[PDB]
Amino acid sequence: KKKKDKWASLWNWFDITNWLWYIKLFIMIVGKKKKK
Numbered sequence: 001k002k003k004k005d006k007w008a009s010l011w012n013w014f015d016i017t018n019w020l021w022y023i024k025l026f027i028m029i030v031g032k033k034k035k036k
């Protein structure tokens, strides 16, 4: 966000964009497999 290169920061956010979607399903798969 801050500092020079405003696009550079947004370019990195790309990977994070889907990352947030992976961290959700990931934990969902781990818990399930954990079973009761």
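Taking the entry's author numbering, the leading residue of the sequence shown gets 1, the next gets one more, and so forth. Ideal placement from N, C-alpha and C gives every residue a C-beta, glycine not left out.
Opening and closing residue of the alpha helix (DSSP H) in which residue i lies
{"i": "residue 15", "result": "6–34"}
Contacts around residue i, its chain only, beta-carbon distance under 8 Å, and the 5 residues preceding and following it disregarded
{"i": "residue 8", "result": "none"}
heavy atom of the ligand HEM below 7 Å from residue i C-beta
{"i": "residue 7", "result": "Ligands are entirely absent from the displayed structure, and the ligand HEM is therefore not among its contents."}
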